[PDB]
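Summary of the model geometry
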Amino acid sequence: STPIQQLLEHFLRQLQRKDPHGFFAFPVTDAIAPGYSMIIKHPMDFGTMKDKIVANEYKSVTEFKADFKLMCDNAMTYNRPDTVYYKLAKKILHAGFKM
Ligand SMILES: CCN(CC)CCNC(=O)c1c(C)[nH]c(/C=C2\C(=O)Nc3ccc(F)cc32)c1C
């Protein structure tokens, strides 16, 4: 466990606490969200981010934040504003930017 890995695992744990039901914690399927794989060119989720930490693909907190922002932007693009997914993506994007 390197310092960067420890730091990012801490950040990821705090972010996921804002998503207790795992809206953003798994690879979305077209069966769940028809059209998703065509609309969202660069999908991202917390499970994939955890794997990228372990593979040590993040060389910076800025890279980690880029993936988090991507995850949130994707959810706010596919889902209409009056949905639980858009609303939670917006709230955790803002709260993640704090830390
Ligand atoms: C007929 C469909 N109805 C009109 C929209 C509502 C039904 N909607 C549903 O069932 C549904 C469910 C149960 N999950 C999602 C989508 C996502 C999810 O869970 N995590 C995500 C993360 C990113 C993202 F971009 C989409 C999702 C939908 C659309």
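Below: a short report on this structure.

1. Observations regarding the overall build of the protein
A tally of helices and strands in the protein yields five helices and zero strands. For the protein, the sequential pattern of α-helices and β-strands runs α-α-α-α-α. Taking 99 residues into account, the globule formula puts the C-alpha radius of gyration at 13 Å, and the protein, at 13 Å, falls close to it. Its C-alpha atoms give the protein principal-axis dimensions of about 40 × 25 × 20 Å. Relative to its full complement of 99 residues, the protein shows a buried share of 35%. Considering only contacts in the protein between residues 6 or more positions apart, those separated by 24 or more positions represent 62%. Across the protein, the centroid of the 14 positively charged side chains sits 8 Å from that of the 10 negatively charged ones.

2. A short note on the site of the ligand
Around the ligand, the surrounding shell consists of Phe 23, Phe 24, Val 28, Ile 32, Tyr 36, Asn 74, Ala 75, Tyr 78, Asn 79, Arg 80 and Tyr 85. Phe 23 places a polar main-chain atom, nitrogen or oxygen, 2.8 Å from a nitrogen atom of the ligand. Within the side chain of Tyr 85, an N or O atom sits 3.2 Å from a nitrogen atom of the ligand. Expressed as a share of its isolated accessible area of 630 Å², the protein-covered part of the ligand is 55%. It is helix α4 (residues 61–78) that provides the largest number of residues to the shell around the ligand, a total of three residues. Broken down by class, the residue content of the shell around the ligand amounts to eight nonpolar, two polar and one charged.

Analysis parameters
Residues numbered from 1 in each chain as written, not as in the entry; some residues may be left out. Heavy atoms only, no water. Helix = DSSP H or I, 4+ residues; strand = E, 2+ residues; numbered from the N terminus. Rg over C-alpha atoms; globule rule 2.2 N^0.38 Å. Buried < 20%, exposed > 50% of the residue type's maximum accessible area, 1.4 Å probe, protein only. Contact = heavy atoms within 4.5 Å. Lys, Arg positive; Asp, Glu negative; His and termini not counted. Charge placed at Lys NZ, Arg CZ, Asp CG, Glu CD. Near = heavy atom within 4 Å. Polar contact = N/O pair within 3.5 Å; in protein donor to acceptor, adjacent residues only side chain to side chain. Areas by Shrake-Rupley, 256 points an atom, 1.4 Å probe, with all protein chains shown as cover. Nonpolar A, V, L, I, M, F, W, Y, C, P; charged D, E, K, R; others polar.

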